[PDB]
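J.: Protein chains in written order, with our numbering: chain A, 56 to 480; chain B, 76 to 223; chain C, 465 to 694; chain D, 319 to 626. We put the beta carbon where it would ideally sit given N, CA and C, even for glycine. Here you go, one structure.
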RNA sequence: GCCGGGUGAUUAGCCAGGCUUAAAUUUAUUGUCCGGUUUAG
Ligand SMILES: Nc1ncnc2c1ncn2[C@@H]1O[C@H](COP(=O)(O)OP(=O)(O)OP(=O)(O)O)[C@@H](O)[C@H]1O
């Protein structure tokens, strides 16, 4: 049964039926959830026409890994940002209907006198479902105007919106893009100088930035404190007394109202915190997840990528925190690490966080679906590390489509022959 | 706005024990603060300042209403076309309403010529009315003005 | 802005007929070599070159202080004399308003322009809406345009007329498509806020004739670009 | 009783008539037509089954709805020639025009006029009338009905609707020596007194708002004319002497066509086209054929007429 | 006076060139397959 057919009957049932409980218990909802649960996100092919320096190009992408080898004047990066433009429209529509995305600026259309407009098109296959999108823009003063078609993307985003609207704890696709500037942003470890981590916080940008690592540190502290308090097993009666203290704070806010923009903002923030605490209590009633297990896994994958280091501990030492790594018989903070190790530390610590937040519920949140675009894979890595990076990326995250541009023969030798595309002038 | 607020409370009465009411407002502000913090403290200080109305206690000939009348009548001399200027409270905000002929006008809809005179004369009278708090007619101080 | 079976009627030489004859010839010939030398394109270019831009007349109804009047403008110079509060700037604002839709449509078709602000309608009780009308006469050709806005709170609708200015803008775009260095008309406005720029960009490199169509009003940064251009 | 007559005349059963009643608004076809010049126009026309019942409906209401005698459109034994005979002997002329005239008539305003005439109708007939003469564009939940144009019943309905406006404006124009006439959505005024035509734009607006709310005046189609410029009323030129005319350009065109026909260089299509044009011009002037006969002879004219 | 409109008549005729007449700064000939009007079969 195609997901489109399961979609239409649910639309009819929702229009007819009104009972929310009946809709939740409806068979159609279970069938739709089951079908959506296993559907490998996959990009089939993409064509570029008069964009930047490329005149015409049609390419097909593999479902697991594809390497773009072969230098040429047009530049490999243009393809990656071309895909980034297409992907930018999906998330915006997911957040809210009819939300705009990234347009093509008039200063990137080809300067040759022959051309008059530029267009990029691509197709997404989800099991048997097929959607296509074209983004186009004509030069200033042209006789004819061109417009994008967004019927397919809007239709695809509707089922995601509905699922989150009915069912809760649902998971959304992952889209990320690591440019070549990560060396600077990641290198800011030296000084470079929130409580309720929602799902849509990561659904704000696609390009890696400094603030991502800044958010990473705070996320680690929050997870550590939450895990430590849960492990200490604070009295359930004390927890209910904390809920009654939140009710007392709400009573104080009511007294403040029954006597102030700052006061109103503080009261709103306190009410939001109380609502988040109530939701956490509700999750705790169902035994919730395992904070210690997730905090262990996030450390474990990083240690998997750096075999020399023995262990990593937060070791706050009062103040705020001070992460310490044990190299041999010495202890060093992240500001004292090497240039090569920093890039791996930030990359893995960012991908792990994105999969943890984007995909809750699932027993192992490290088995999500998505697409990752990473450029210059062989930056600041000695040849010994260059022959093993692909194996670990394809083993830790087996269900994520990867697009990679390489530069050195060491990486090229390990990969097979059906996953390499050569661009020639 | 402050001139009009003191004008209605002091000269036009309609406040009963204004000192007692403002002191009770200060006490209520302190009680609310006890059971954003800087803003609450500033509000308490402002309430205490308003509670000092009996502390001032002048009610002289140069009251708030007399200053309001002097300011408006002074402005109207330079704009002979208009009839009256009033302050209107609505939609939780204040606006200035002018009469021209038989049509009501706001402040944004005037021309550039009457805007220049309105601003210049209003600021000139504001400084004299504000730096001479003891003259019976405060438009009698001394100074020097340069105009280009 | 379309193709027709070339209705004949009586014989004439209007610019519109030459425009539609070229469009009719377009649907048959595909090779551009014949198109670039066809006598119809020569006729269209020759007719377009000798025409002189000229705004004919303007009428204002119930806008700002003005209740209703019609003005006829000379083709080379006209001067308005009055006192303060007599609606001298109102006329210039109305002209810039109707000229912005023509400015907008040249860069790209079906692009909006400037509307009427809600505080520009008259404050009288009996009014319901405000309107502006205009007319442009290039040689024999005549075009018209109407812009209107209903008073807030009413339950009756009024819309705009935009067929003439879109038809005129299409001729300019078509001519520019087949001419290497076609010219364009000039529209400018020097408001009272030009004294602020009295002596108070990522290495701009490419200069084109479409950068002067960004706005109808001279304000702020246009002085800086002048230095860069010089 | 009205629904009974329509059911009996077309021998419709209960279920069929009900089925047609709630699907009647959507049986319309939308198409484009070319424009004289450049552009296109939008038309919407019903099906064959709905047209011949609309025509039957208008036959019942023709002898019951009064129409003012100053409307010269869609009326028996009335045409353009009778419209231009009113202004044929006056100097100054002013012309105006409405804005989207045909889509401003709705059943809300239609039934209000019906109630005022004193005719009482049942609720079932009200339902039948509302769902038969009106068009519903957009989605099925729009709940908006417009009279439209291209339907056999719209032209008659508009004339009945504007009766109050016609009556209220005619007697006002009579008291000031002004002539008034309307054709569809065109209004024309004419007079001999100087500086009296500059006041009527406010009067028509006041009567427009007082009698038929919703309608409005297009302000970009107002024209003032005198005897020193071109004068015409809905396509007929007025000589300064005061005679109707077709125009010198067409007179010369028809003379050239006949001259070319005398040499046998006219295709069969142009023979029919010129014959129809000549017939219309002869009706407009009344002495066109005599002039043609006095120039090319009676034999050639007779042979040309009898051809085909 | 000038200019801009009306047009009976002439011409292998939508040309062209002749003879009249009109005036506040003040027309730029429009939608069919429906409706009424003209003609014809
Ligand atoms: N909404 C309105 N209703 C009534 N009158 C208005 C409105 N908006 C403006 N006015 C009138 O407009 C007048 C000024 O108009 P405007 O600014 O055009 O004239 P101006 O003094 O000649 O112009 P400028 O000094 O800007 O060159 C004011 O006196 C005011 O009465």
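Which of the three DSSP states, helix, strand or coil, is assigned to residue 469 (chain C)?
T.: Within the third chain, residue 469 (chain C) is the residue found at index 5, counting from 1. Reduced to three states, the DSSP call for residue 469 (chain C) is coil.
J.: Looking at the secondary structure, which residues open and close the alpha helix (DSSP H) in which residue 454 (chain A) lies?
T.: The count along the first chain starts at 1 and reaches residue 454 (chain A) at position 399. Where residue 454 (chain A) is concerned, there is no enclosing alpha helix (DSSP H), given that its DSSP letter is neither H nor E.
J.: Closer than 8 angstroms, CB to CB, is residue 176 (chain B) near chain C or not?
T.: Taking the second chain and counting its residues from 1, one reaches residue 176 (chain B) at position 101. No, because no Cβ of chain C sits closer than 8 angstroms to the Cβ of residue 176 (chain B).
J.: Considering Cα atoms alone, identify which of D:363, D:525, D:467 and D:538 is closest to residue 392 (chain D).
T.: For this step, residue 392 (chain D) is matched to residue 74 along the fourth chain. For residue 392 (chain D), the nearest C-alpha among the options comes from D:467.
J.: Going by the CB atoms, is the gap between residue 98 (chain A) and residue 177 (chain A) shorter than 8 angstroms?
T.: Looking up residue 177 (chain A) in the first chain gives position 122. Looking up residue 98 (chain A) in the first chain gives position 43. Yes, the Cβ-Cβ distance between residue 177 (chain A) and residue 98 (chain A) is below 8 angstroms.
J.: Please return the same chain residues whose Cβ sits closer than 7 angstroms to the Cβ of residue 156 (chain A), not counting the five positions on each side in sequence.
T.: Here the question's residue 156 (chain A) lines up with position 101 in the first chain. The answer, listed in chain order, is 143, 144 and 147.
J.: Residues in the stretch 346-364 of chain D with C-beta within 7 angstroms of chain C's C-beta atoms, listed in sequence order?
T.: Per Cβ criterion, the list reads 352, 354, 355, 356, 357 and 358.
J.: Got a sec, what are the start and stop residues for the beta strand (DSSP E) residue 381 (chain D) sits in?
T.: If you number the fourth chain from 1, residue 381 (chain D) lands on position 63. Run containing residue 381 (chain D): none; DSSP gives neither H nor E here.
J.: Return the bridge partner residues of residue 218 (chain A) from the DSSP annotation.
T.: Sequence index remark: in the first chain, residue 218 (chain A) carries index 163 (1-based). DSSP lists no partner for residue 218 (chain A).
J.: Kindly indicate which three-state DSSP category residue 343 (chain D) falls into: helix, strand or coil?
T.: Start at 1 with the first residue of the fourth chain, and residue 343 (chain D) comes out as number 25. DSSP places residue 343 (chain D) in helix when its eight states are reduced to three.
J.: For residue 651 (chain C), tell me which candidate among C:561, C:657 and C:492 has the shortest Cα-Cα distance.
T.: Here residue 651 (chain C) is taken as the residue at index 187 of the third chain, counted from 1. Here the closest residue by C-alpha is C:561.
J.: Less than 7 angstroms between the CB of residue 184 (chain B) and some heavy atom of ligand 1, yes or no?
T.: Start at 1 with the first residue of the second chain, and residue 184 (chain B) comes out as number 109. Yes, Cβ of residue 184 (chain B) sits closer than 7 angstroms to a heavy atom of ligand 1.
J.: Please give the ranges of any beta strand (DSSP E) in the stretch 585-617 of chain C, keeping only runs that are unbroken, at least 3 residues long and fully inside the region.
T.: Listed in chain order, the complete beta strand (DSSP E) runs (minimum 3 residues) inside the stretch 585-617 of chain C are 593-602 and 605-614.
J.: Check the Cβ of residue 103 (chain B) against every Cβ in chain A and list those closer than 9 angstroms, keeping chain order.
T.: Counting from one through the second chain, the residue named residue 103 (chain B) turns up at place 28. Those are 314, listed as they occur along chain A.
J.: So, at 7 angstroms on beta carbons, what are the nonlocal neighbours of residue 361 (chain A) in its own chain, with the 5 sequence-adjacent residues on each side left out?
T.: Within the first chain, numbered from 1, the residue matching residue 361 (chain A) stands at position 306. Excluding residues within five positions, the ones whose Cβ falls inside 7 angstroms are 396 and 399.
J.: Given this structure, state the Cα-to-Cα distance separating residue 120 (chain A) from residue 582 (chain C), to the nearest angstrom.
T.: In the first chain, the residue the question calls residue 120 (chain A) occupies position 65. In the third chain, the residue the question calls residue 582 (chain C) occupies position 118. Straight-line Cα distance between these residues: approximately 58 angstroms.
J.: Mind reading off the beta-carbon distance from residue 506 (chain C) to residue 485 (chain C)? Whole number of angstroms is fine, and I expect it under 8 angstroms.
T.: Stepping through the third chain from its first residue, residue 506 (chain C) is reached at position 42. Stepping through the third chain from its first residue, residue 485 (chain C) is reached at position 21. Actually they do not touch by this definition, with Cβ atoms about 12 angstroms apart.
J.: Can residue 599 (chain C) be considered in contact with ligand 1, in the sense that its beta carbon sits closer than 7 angstroms to one or more heavy atoms?
T.: In the third chain, residue 599 (chain C) corresponds to position 135, counting from 1. No, the Cβ of residue 599 (chain C) stays beyond 7 angstroms of every heavy atom of ligand 1.
J.: With a threshold of 8 angstroms between beta carbons, is residue 610 (chain C) in contact with chain D?
T.: If you number the third chain from 1, residue 610 (chain C) lands on position 146. Judged by the 8 angstroms Cβ criterion, residue 610 (chain C) is in contact with chain D.
J.: Taking only runs of the alpha helix (DSSP H) that begin and end inside the stretch 84-142 of chain A, which ones reach a length of at least 4 residues, in chain order?
T.: Segments of the alpha helix (DSSP H) lying fully in the stretch 84-142 of chain A: there are none.
J.: Kindly provide the ranges of any alpha helix (DSSP H) runs that are 4 or more residues long and lie completely inside the stretch 195-261 of chain A, ordered along the chain.
T.: As far as the stretch 195-261 of chain A is concerned, its whole alpha helix (DSSP H) runs of at least 4 residues are 206-221 and 237-241.
J.: Cβ of residue 550 (chain C) within 7 angstroms of any heavy atom in ligand 1?
T.: As a first step, residue 550 (chain C) must be located in the third chain, where it is residue number 86. Yes; taking the cut-off as 7 angstroms, the Cβ of residue 550 (chain C) has a heavy atom of ligand 1 nearer than that.
J.: Look at the Cβ atom of residue 200 (chain B), then the Cβ atom of residue 146 (chain B), and state whether they are nearer than 8 angstroms.
T.: Within the second chain, numbered from 1, the residue matching residue 200 (chain B) stands at position 125. Within the second chain, numbered from 1, the residue matching residue 146 (chain B) stands at position 71. For residue 200 (chain B) and residue 146 (chain B), yes; Cβs fall inside 8 angstroms.
J.: Tell me, please, which residues DSSP counts as bridged to residue 426 (chain A).
T.: On the first chain, residue 426 (chain A) is found 371 positions in, with the first residue counted as 1. Per DSSP, A:230 and A:456.
J.: Taking 7 angstroms as the cut-off, is the CB of residue 309 (chain A) close to at least one heavy atom of ligand 1?
T.: The sequence position of residue 309 (chain A) within the first chain is 254, counting from 1. The answer is no for residue 309 (chain A).
J.: Under three-state DSSP, which class holds residue 428 (chain D)?
T.: What you label residue 428 (chain D) is simply residue 110 of the fourth chain in a count that begins at 1. Residue 428 (chain D) falls in the helix class under three-state DSSP.
J.: Between residue 175 (chain B) and ligand 1, is there a pair consisting of the residue's CB and a ligand heavy atom that are separated by less than 7 angstroms?
T.: Numbered from 1 along the second chain, position 100 holds the residue referred to as residue 175 (chain B). True, at least one ligand heavy atom lies under 7 angstroms from that Cβ.
J.: So if I threshold CB-CB distances at 7 angstroms, which residues from the stretch 189-221 of chain A count as touching chain C?
T.: Residues passing the 7 angstroms Cβ filter: 195, 196, 198 and 200.
J.: Can you pull the chain D residues whose beta carbon is under 7 angstroms from the beta carbon of residue 471 (chain C), in chain order?
T.: Walking along the third chain from the start, residue 471 (chain C) turns up at place 7. 354, listed in chain order.
J.: Can you confirm whether residue 573 (chain C), when its beta carbon is compared against all beta carbons of chain A, has any partner nearer than 8 angstroms?
T.: For the purposes of this step, residue 573 (chain C) is taken as residue 109 along the third chain, with counting starting at 1. Chain A contact via Cβ: present.
J.: For residue 577 (chain D), does the three-state DSSP call read helix, strand or coil?
T.: As a first step, residue 577 (chain D) is located in the fourth chain; it is residue number 259 there, counting from the start. Helix, per DSSP.
J.: Is the stretch 507-518 of chain C close to the stretch 127-147 of chain B, with three or more CB pairs under 8 angstroms?
T.: Segments in contact, no.
J.: Report all residues from its chain with a CB closer than 6 angstroms to the CB of residue 86 (chain B); omit the five preceding and five following residues, and keep chain order.
T.: Indexing the second chain from 1 puts residue 86 (chain B) at position 11. Result list for residue 86 (chain B): 138, 139 and 140, in chain order.
J.: Is the beta carbon of residue 626 (chain D) less than 8 angstroms from the beta carbon of residue 589 (chain D)?
T.: Within the fourth chain, numbered from 1, the residue matching residue 626 (chain D) stands at position 308. Within the fourth chain, numbered from 1, the residue matching residue 589 (chain D) stands at position 271. In contact: residue 626 (chain D) and residue 589 (chain D) (Cβ atoms closer than 8 angstroms).
J.: Just curious, the alpha helix (DSSP H) that residue 338 (chain A) is in, first and last residue?
T.: Within the first chain, residue 338 (chain A) is the residue found at index 283, counting from 1. Taken as a continuous stretch (DSSP letters only), the alpha helix (DSSP H) holding residue 338 (chain A) covers 316-340.
J.: Under 9 angstroms Cβ-Cβ, which residues of chain C neighbour residue 183 (chain B)?
T.: Position 108 of the second chain, counting from 1, holds the residue named residue 183 (chain B). Those are 583, listed as they occur along chain C.
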